[PDB]
Amino acid sequence: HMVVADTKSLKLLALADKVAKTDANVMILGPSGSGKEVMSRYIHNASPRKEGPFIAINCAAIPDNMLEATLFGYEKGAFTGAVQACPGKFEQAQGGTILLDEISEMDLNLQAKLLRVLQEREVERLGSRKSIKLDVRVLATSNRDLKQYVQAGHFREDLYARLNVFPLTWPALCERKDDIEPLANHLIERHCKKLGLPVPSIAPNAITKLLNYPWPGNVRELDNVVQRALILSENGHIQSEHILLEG
Ligand SMILES: Nc1ncnc2c1ncn2[C@@H]1O[C@H](COP(=O)(O)OP(=O)(O)O)[C@@H](O)[C@H]1O
């Protein structure tokens, strides 16, 4: 469930609904921590493939260089370490939506493999010559200007141009300050609901303290400050004294 309130955020959801209805590749830009994922799910849930699978994979957090292996899947013996066969994330997302989180972290070669998938609408596991028909809607995210990243020669221009049909730039928290208060209360609410506690209120002085912080870590920091405040207030009424930022 996504909560927006700023007129700037409302304009983005207005666009999001328009692409959700289609099968177009959506590219969600913006800084780290602005929740450019909870929007992809929104796009999924607003898409005709809502009832379908929703497969997410973070290309910047897959250890032991298993990004390629987990995306396409592999047969037994495709590489040293492949003791078993394994379906790829594209196969798991059949009839639904796949999210390529932080897509700017794919090596140039993996981007070439991804391109063929997008073009031919088919995938083949590592060590398999047999192609698998794919009916999958593609979403992707990046916290870096892909255009200049293409210009830097670290990203394929053709891949960028296939993913930049309908870009959406989810802005920093300080450029959408009207999102801050509803967002804070939502985070308070999800933690009290996670521990069966009644949700407490937040003081006026606390809100102002929250509004006048630039939030360099954006919503992922807001979540921290709130968790911190809930610890300090012992799940009670949050005052301007339980809110510790970085100043
Ligand atoms: N508009 C929003 N509504 C509700 N939750 C949000 C919103 N924006 C960010 N969040 C929260 O911020 C957290 C981080 O979002 P995430 O999509 O992981 O950011 P990023 O992908 O940019 O690192 C999530 O827990 C998410 O619930």
# chains A, B, ... in the order shown; residues from 1 in each chain; ligands from 1

$ residues_near_ligand --ligand "ligand 1" --cutoff "8 Å" --atoms "only C-alpha atoms and all ligand atoms" --output "PyMOL selection string"
chain A and resi 1-4+9+30-39+101-102+141+143+179+183+186-187+219-220+223

$ residues_around --residues "residue 72 in chain A" --least-positions-apart "3" --cutoff "6 Å" --atoms "only C-alpha atoms" --output "ChimeraX atom specification"
/A:69,88,125

$ select_by_dssp --residues "range 21-237 of chain A" --states "strand (DSSP E or B)" --output "MDAnalysis selection string"
chainID A and resid 26:29 54:58 73:74 86:87 97:101 122:123 126 132:133 137:141 166:169 202

$ atom_distance --atom1 "CA of residue 159 in chain A" --atom2 "CA of residue 137 in chain A"
15.3 Å

$ atom_distance --atom1 "CA of residue 24 in chain A" --atom2 "CA of residue 165 in chain A"
7.5 Å

$ closest_residue --among "A:93, A:26, A:211, A:103" --to "residue 176 in chain A" --atoms "only C-alpha atoms"
A:211

$ closest_residue --among "A:61, A:136, A:56, A:231" --to "residue 105 in chain A" --atoms "only C-alpha atoms"
A:61

$ closest_residue --among "A:47, A:131, A:40, A:205" --to "residue 95 in chain A" --atoms "only C-alpha atoms"
A:47

$ residues_around --residues "residue 207 in chain A" --least-positions-apart "5" --cutoff "8 Å" --atoms "only C-alpha atoms" --output "list in words"
residues 181, 202 and 240 of chain A

$ atom_distance --atom1 "CA of residue 226 in chain A" --atom2 "CA of residue 44 in chain A"
28.3 Å

$ select_by_dssp --residues "range 32-236 of chain A" --states "helix (DSSP H, G or I)" --output "PyMOL selection string"
chain A and resi 38-45+67-72+89-92+103-105+108-120+146-151+157-163+173-175+177-194+204-211+219-232

$ closest_residue --among "A:119, A:224, A:208, A:70" --to "residue 241 in chain A" --atoms "only C-alpha atoms"
A:208

$ residues_around --residues "residue 200 in chain A" --least-positions-apart "6" --cutoff "9 Å" --atoms "only C-alpha atoms" --output "PDB file with N, CA, C and O atoms, in the first residue's frame"
ATOM      1  N   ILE A 188       5.070   4.345  11.680  1.00  0.00           N
ATOM      2  CA  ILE A 188       4.727   4.131  13.080  1.00  0.00           C
ATOM      3  C   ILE A 188       3.676   3.030  13.144  1.00  0.00           C
ATOM      4  O   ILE A 188       3.747   2.127  13.979  1.00  0.00           O
ATOM      5  N   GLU A 189       2.707   3.114  12.237  1.00  0.00           N
ATOM      6  CA  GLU A 189       1.568   2.205  12.213  1.00  0.00           C
ATOM      7  C   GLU A 189       1.980   0.770  11.898  1.00  0.00           C
ATOM      8  O   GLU A 189       1.431  -0.169  12.474  1.00  0.00           O
ATOM      9  N   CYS A 192       3.681  -0.884  15.029  1.00  0.00           N
ATOM     10  CA  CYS A 192       2.757  -1.152  16.119  1.00  0.00           C
ATOM     11  C   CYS A 192       1.841  -2.306  15.723  1.00  0.00           C
ATOM     12  O   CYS A 192       1.420  -3.088  16.575  1.00  0.00           O
ATOM     13  N   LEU A 230      10.299   5.276  18.432  1.00  0.00           N
ATOM     14  CA  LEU A 230       9.431   4.295  19.075  1.00  0.00           C
ATOM     15  C   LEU A 230      10.149   3.578  20.217  1.00  0.00           C
ATOM     16  O   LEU A 230       9.527   3.204  21.211  1.00  0.00           O
ATOM     17  N   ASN A 235       7.149   3.017  22.744  1.00  0.00           N
ATOM     18  CA  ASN A 235       5.898   2.822  22.013  1.00  0.00           C
ATOM     19  C   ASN A 235       4.797   3.755  22.507  1.00  0.00           C
ATOM     20  O   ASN A 235       3.608   3.483  22.329  1.00  0.00           O
ATOM     21  N   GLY A 236       5.209   4.858  23.125  1.00  0.00           N
ATOM     22  CA  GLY A 236       4.292   5.875  23.606  1.00  0.00           C
ATOM     23  C   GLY A 236       4.244   7.105  22.718  1.00  0.00           C
ATOM     24  O   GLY A 236       4.793   7.105  21.616  1.00  0.00           O
ATOM     25  N   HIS A 237       3.579   8.151  23.201  1.00  0.00           N
ATOM     26  CA  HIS A 237       3.483   9.415  22.476  1.00  0.00           C
ATOM     27  C   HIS A 237       4.875   9.956  22.146  1.00  0.00           C
ATOM     28  O   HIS A 237       5.700  10.167  23.036  1.00  0.00           O
ATOM     29  N   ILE A 238       5.125  10.177  20.859  1.00  0.00           N
ATOM     30  CA  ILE A 238       6.428  10.637  20.384  1.00  0.00           C
ATOM     31  C   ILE A 238       6.584  12.149  20.489  1.00  0.00           C
ATOM     32  O   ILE A 238       5.794  12.900  19.918  1.00  0.00           O
TER      33      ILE A 238
END

$ closest_residue --among "A:78, A:148, A:128, A:67" --to "residue 114 in chain A" --atoms "only C-alpha atoms"
A:67

$ closest_residue --among "A:7, A:68, A:85, A:126" --to "residue 112 in chain A" --atoms "only C-alpha atoms"
A:68

$ residues_around --residues "residue 57 in chain A" --least-positions-apart "2" --cutoff "7 Å" --atoms "only C-alpha atoms" --output "list in words"
residues 55, 59, 99, 100 and 101 of chain A

$ write_last_selection --atoms "N, CA, C and O atoms" --output "mmCIF file, in the first residue's frame"
data_model
loop_
_atom_site.group_PDB
_atom_site.id
_atom_site.type_symbol
_atom_site.label_atom_id
_atom_site.label_comp_id
_atom_site.auth_asym_id
_atom_site.auth_seq_id
_atom_site.Cartn_x
_atom_site.Cartn_y
_atom_site.Cartn_z
ATOM 1 N N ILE A 55 7.792 -11.116 -9.210
ATOM 2 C CA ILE A 55 9.137 -11.569 -8.886
ATOM 3 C C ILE A 55 10.123 -10.408 -8.844
ATOM 4 O O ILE A 55 10.275 -9.672 -9.820
ATOM 5 N N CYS A 59 19.773 -6.576 -8.288
ATOM 6 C CA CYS A 59 21.007 -6.832 -9.023
ATOM 7 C C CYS A 59 22.255 -6.311 -8.318
ATOM 8 O O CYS A 59 23.373 -6.560 -8.771
ATOM 9 N N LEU A 99 10.786 -7.536 -11.476
ATOM 10 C CA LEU A 99 11.418 -6.265 -11.146
ATOM 11 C C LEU A 99 12.934 -6.403 -11.079
ATOM 12 O O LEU A 99 13.465 -7.091 -10.208
ATOM 13 N N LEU A 100 13.624 -5.742 -12.001
ATOM 14 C CA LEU A 100 15.080 -5.739 -12.008
ATOM 15 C C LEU A 100 15.592 -4.533 -11.226
ATOM 16 O O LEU A 100 15.819 -3.460 -11.783
ATOM 17 N N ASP A 101 15.753 -4.728 -9.921
ATOM 18 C CA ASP A 101 16.151 -3.664 -9.012
ATOM 19 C C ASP A 101 17.616 -3.281 -9.211
ATOM 20 O O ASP A 101 18.483 -4.151 -9.276
#
